[PDB]
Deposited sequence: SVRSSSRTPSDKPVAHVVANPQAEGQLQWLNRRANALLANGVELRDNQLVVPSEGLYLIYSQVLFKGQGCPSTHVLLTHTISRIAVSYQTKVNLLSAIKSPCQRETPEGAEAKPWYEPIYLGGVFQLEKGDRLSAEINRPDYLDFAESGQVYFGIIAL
């Protein structure tokens, strides 16, 4: 009996310039058991504990002040507010690479919307698959 747990694993679009845009219609990417992708956000179908996670990979050629941020955020349907669940900031300054992996476990409610965002889509690297992704897993 295949699992009926809500899950998603969405991957960023390498050819969407100036954007961090999530896709499910790609190999090894997934929306299942009720999770939707709407206006670049993952929409939670039932209340419960979830794992939530995201990775980005940044890359520059040398150093010109560069700040890199990555942030997962929650909009609760009741509260109608957008607040940071998981967030990091790096100041990296020959090519440099900065990956940022965020993960944690959270109580969410039906209708919650989650986003995963960055401040410098121009520094995103897409050289290989699996470098830039966003997901949730119902416990």
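Practice task
Please list, in sequence order, every stretch of the deposited sequence that lacks C-alpha coordinates.
Solution key: Coordinates drop out over 1-7, 72-73, 103-112.
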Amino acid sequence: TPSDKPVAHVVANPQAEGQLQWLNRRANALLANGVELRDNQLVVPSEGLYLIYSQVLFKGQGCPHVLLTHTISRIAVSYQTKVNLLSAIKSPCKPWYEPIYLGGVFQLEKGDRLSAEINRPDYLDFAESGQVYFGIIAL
From here on, numbers count along this sequence of modelled residues.
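Heads up, when I say rigid core I mean the largest set of C-alphas that superpose within 1.5 Å between the two forms.
Practice task
Rigid core fitted first, then name the stretch among 97-105 and 70-78 whose C-alphas deviate most from the displayed form in 6 other deposited structures of this protein.
Solution key: Taking the RMS over all superposed structures in 6 other deposited structures of this protein, 70-78 lies farther out.
Practice task
Return whichever of 111-119 or 8-16 has the larger RMS Cα deviation from the displayed form in 6 other deposited structures of this protein, where every structure is aligned on the rigid core.
Solution key: Farther on average in 6 other deposited structures of this protein: 8-16.
Problem - 49-57 versus 108-116 - which carries the larger mean C-alpha B factor in the record - result: Comparing 49-57 with 108-116, the higher mean C-alpha B-factor belongs to 108-116.
Practice task
Could you settle it for me: does 9-17 or 127-135 have the higher average Cα B factor in the PDB entry?
Solution key: Result: 9-17.
Practice task
Pick out which of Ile100, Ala27, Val35, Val77 has the highest C-alpha B-factor in the PDB entry.
Solution key: Largest recorded C-alpha B-factor: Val77.
Handout entry: Deposited CA B-factor, highest of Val44, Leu85, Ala88, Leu67
Key = Of the options given, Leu67 has the highest CA B-factor in the PDB entry.
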